[PDB]
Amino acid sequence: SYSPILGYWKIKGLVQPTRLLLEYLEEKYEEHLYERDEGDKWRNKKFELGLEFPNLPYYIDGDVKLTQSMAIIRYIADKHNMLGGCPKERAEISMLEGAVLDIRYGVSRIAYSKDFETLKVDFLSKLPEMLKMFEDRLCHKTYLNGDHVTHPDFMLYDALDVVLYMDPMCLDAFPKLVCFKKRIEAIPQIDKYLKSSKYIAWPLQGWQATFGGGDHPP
């Protein structure tokens, strides 16, 4: 019926992989976007949406009123029969999921820290071990789960996008990941989306983050 609603800060943050999945699926959706100066506007609306666990992002479509970014992206995947056709494949996809989140949360965890520049050294020292596993995973695979796209592909894409801002050379040792990122960008729906006015380029985290914050790239 009506367009489902994806609500979130006007930032990449937790919801960027979900946006990419929806666009890949060419699904109609509309967003409720909260701006940098709309914190009080959100807090005044937060507990008045029928949400069991009020938070950003939320996703409302007439069947569900969801929070939790990973519940939301998995629901959208589930509704298109992409979560896995059996327990073994579902676990495989949840494993891909978590491994990507080790990278993405690894960033988010330190981005608001006052000592970011110190913590970032540790994260960047450990990052190649995490990347290596995906590089190996993509040996003779088009996407993370073989010949067909799954939602962790867009999670990985988002993670790669973000860590490149932390160190533009961090993928130099990982040619298959560099190719993967280009391959996602070569999905016509995704190419179209990234060139559209719907695409949010910045910020990566909340505007007040030490890394990936501010109104514009450094």
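In case it trips you up, residue 1 is the first one in the sequence shown, and so on. By rigid core we mean the largest C-alpha set that fits within 1.5 Å across both forms.
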187-195 against 40-48 - segment lying farther from this form in 8 other deposited structures of this protein (CA RMS, rigid core fit): 40-48
Which of 163-171 and 29-37 has higher mean CA B factor, as the PDB entry lists it: 29-37
Higher-scoring stretch by recorded Cα B factor average, 205-213 or 7-15: 205-213
Highest recorded Cα temperature factor - choice among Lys46, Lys192, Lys181, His151: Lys46
Candidate residues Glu92, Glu135, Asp122, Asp102, the one whose C-alpha B factor the record puts highest: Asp122
Ranked against its chain, the third holding the CA B-factor of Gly106: middle
Third of the chain, ranked by Cα B-factor, where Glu97 sits: lowest
Chain-relative CA temperature factor third for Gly62: highest
Entry-reported Cα temperature factor of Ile76, expressed as the chain third it lands in: middle
Chain third (lowest, middle, highest) by recorded CA B-factor, residue given as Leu131: lowest
